[PDB]
Amino acid sequence: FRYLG
Amino acid sequence: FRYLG
Amino acid sequence: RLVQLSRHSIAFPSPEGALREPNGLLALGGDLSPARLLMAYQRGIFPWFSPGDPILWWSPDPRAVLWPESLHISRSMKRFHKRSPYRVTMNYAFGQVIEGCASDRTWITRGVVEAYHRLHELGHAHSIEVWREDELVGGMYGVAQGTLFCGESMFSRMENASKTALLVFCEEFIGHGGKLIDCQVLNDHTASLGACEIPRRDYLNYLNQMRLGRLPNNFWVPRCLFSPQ
Amino acid sequence: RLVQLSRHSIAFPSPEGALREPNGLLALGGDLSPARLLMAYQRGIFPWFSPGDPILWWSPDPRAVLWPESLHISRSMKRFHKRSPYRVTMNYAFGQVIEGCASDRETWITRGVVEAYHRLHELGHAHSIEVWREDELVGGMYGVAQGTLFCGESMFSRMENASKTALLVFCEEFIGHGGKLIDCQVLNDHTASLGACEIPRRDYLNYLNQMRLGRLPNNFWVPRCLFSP
């Protein structure tokens with residue numbers, strides 16, 4: 301879940 | 401394929 | 002004669018009691034729910050009606066059909082395919098395919117699209133997409149019935165698009181146990197491909213035999229079937 | 002080595018040509034069309050760019066990953082979940098989940116990205132997990148399914164422990180039916196606190212083209228309730 305960083 | 405006629 | 006379906010049961014009348022002309026008119030009404038739709042394909046029945054009319058169910062005699070290996074392919078189509086500019090995928094965009102079919106000449113009402121979309125979500129209707137770069141330029145969809153494939157309709161936006169869709173499908177199909185492709189009724193485009201006619205009771209037998217058949221368990225997972233040069 | 006994309010091809014260069022730093026930067030340009038996205042995800046590639054920049058595609062090495070079973074659940078959380086005040090659903094509201102993630106403000112999920120993934124959701128590849136508290140959406144997650152592999156995009160929480168519940172329940176539902184892996188792309192504080200671990204890119208890809216041809220029950224992604232107190 302790349303969108304968390 | 402009936403929808404061709 | 003010519004039964005009015007009841008929304009209570011998913012039952013259907015004997016295909017044999019269908020009208021002779023219009024060829025195959027066997028019933029009307031009911032709905033396009035998965036259970037009933039699905040039940041109809043098992044019995045060799047199928048819906049086909051125009052916008053405004055009630056659901057018309059058919060089971061013609063003779064029945065149009067296409068043997069995967071008998072798919073006629075001209076010499077220039079082979080030349081074209083040997084250097085194909087198309088990419089073919091399975092179940093990448095069922096929605097777009099059916100909407101594309103539903104945009105040509110019309111009998112694919114908002115409701116029919118919704119109905120076959122559900123069989124797709126449930127895993128019974130599948131599509132083959134033909135891509136020209138990043139643009140969907142053709143394809144086709146149908147309802148898998150074991151080793152039998154009930155062809156619903158195709159569409160094309162680029163020369164030989166739909167032909168490569170069917171050519172490729174037949175290879176993949178045959179390669180894994182595919183047996184026959186139901187065309188319901190014979191027409192100009194379908195005829196030029198090698199489709200032929202056989203008695204309703206002949207087709208119905210195949211149905212019973214092939215509907216029990218089974219393809220590779222993962223045969224319908226979405227994937228790429230053919231990549232261009 | 003950094004390949005520039007165009008509409009002429011939906012093709013991507015090999016992941017093994019990606020830059021070492023920034024980790025995995027592979028190409029730029031292109032578009033977020035369905036075809037191009039499904040093409041990238043089946044090759045172990047994915048889009049990740051800030052608002053204003055051109056589309057950036059990556060395939061890092063090592064790859065962040067989460068083994069469903071290995072999901073780390075604290076003792077306090079289980080106590081919480083044994084009496085969870087939440088109900089979880091599947092694909093009930095994909096639109097809202099991606100909005101919650103994009104609006105969460107922590110905002111590389113531009114409208115272009117929302118529209119593109121919403122489109123994948125409509126074509127059967129992007130799925131969401133909704134966490135409800137009463138009648139209100141308080142959390143969830145969404146990702147792209149690749150057979151028995153699930154590529155996580157992002158999750159969002161508006162109420163304590165909504166995310167974990169979503170993930171917790173998904174993992175249970177997921178492994179109980181054949182789901183094998185969860186892609187997290189890049190390891191980060193939150194993702195790592197859950198059990199996400201790194202693995203070489205070469206393995207991730209082996210796992211990828213291995214789980215992409217596998218499948219879960221035919222009705223696995225049908226919108227439904229997954230957990231109700």
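Respectively, the protein sequence lines represent chains C, D, A and B. Note that PDB author numbering has the first sequence beginning at 301, numbered continuously upward. Note that PDB author numbering has the second sequence beginning at 401, numbered continuously upward. Residues 2 to 106, 110 to 233 (PDB author numbering) make up the third sequence, in order. Residues 2 to 107, 110 to 232 (PDB author numbering) make up the fourth sequence, in order. Just so it is clear, CB atoms sit at the ideal spot from N, CA and C, and this is done for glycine as well.
Asked                                                                                                                                        : Found
Proximal chain B residues relative to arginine 227 of chain A, where beta-carbon distance stays under 8 Å                                    : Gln43, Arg215, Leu216
CB contact below 8 Å: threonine 194 of chain B versus chain C                                                                                : yes
Listed by chain order, chain D residues near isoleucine 112 of chain A by CB distance under 8 Å                                              : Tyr403
The region 121 to 136 of chain B contacting the region 86 to 100 of chain A, beta-carbon criterion three pairs below 8 Å                     : yes
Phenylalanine 230 of chain A: first and last residue of the uninterrupted beta strand (DSSP E) it sits in                                    : 227 to 230
Close-in-space but distant-in-sequence residues of the same chain around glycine 146 of chain A (CB under 6 Å, 5 per side omitted)           : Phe153, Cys154, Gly155, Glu156
Chain C contact for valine 189 of chain B (CB, 8 Å cutoff)                                                                                   : yes
Neighbour flag for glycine 150 of chain A against chain B, beta carbons, 8 Å                                                                 : no
Chain D contacts made by the region 152 to 181 of chain A, where a contact means CB separation under 8 Å                                     : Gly155, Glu156, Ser157, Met158
Proximal residues to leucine 190 of chain B (C-beta, below 6 Å), its chain only, five neighbours per side dropped                            : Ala65, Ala199, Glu201
Residues bridged to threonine 110 of chain A (per DSSP)                                                                                      : In the DSSP output, where bridge partners are listed per residue, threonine 110 of chain A has none listed.
Partners in chain D for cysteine 102 of chain A, counting only beta-carbon separations shorter than 7 Å                                      : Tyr403
Collapsed DSSP secondary structure at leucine 184 of chain A in the structure displayed                                                      : strand
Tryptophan 49 of chain A: contacting residues in chain D (beta-carbon distance under 7 Å)                                                    : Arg402
Close beta carbons around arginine 44 of chain A, own chain, < 7 Å, minus the five adjacent residues each side                               : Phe13, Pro16
Proximal chain B residues relative to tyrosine 145 of chain A, where beta-carbon distance stays under 8 Å                                    : Going along chain B, no residue has its Cβ under 8 Å from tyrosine 145 of chain A, so there is no contact; the nearest lies around 13 Å.
Classification of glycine 179 of chain A by the beta-carbon crowding that lies within 10 angstroms, buried from 16 upward                    : exposed
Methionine 162 of chain B - DSSP class collapsed to helix/strand/coil                                                                        : coil
Residues of the region 118 to 139 of chain B with Cβ closer than 8 Å to any Cβ of chain C, in chain order                                    : none
Supposed close pair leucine 39 of chain B, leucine 57 of chain B - CB separation, criterion 8 Å                                              : No, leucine 39 of chain B and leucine 57 of chain B are not in contact; Cβ-Cβ is about 18 Å, not under 8 Å.
Beta-carbon spacing of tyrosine 207 of chain A, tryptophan 135 of chain A below 8 Å                                                          : no
The region 171 to 186 of chain B in contact with the region 69 to 84 of chain B per 3-pair CB rule at 8 Å                                    : yes
Chain A contacts made by the region 10 to 21 of chain B, where a contact means CB separation under 7 Å                                       : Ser10, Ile11
Distance CB(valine 89 of chain A)-CB(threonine 151 of chain A) smaller than 8 Å                                                              : no
Beta-carbon contacts of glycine 101 of chain B that lie in its chain and below 8 Å, excluding the five residues immediately before and after : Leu140, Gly142, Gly143, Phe159, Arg161
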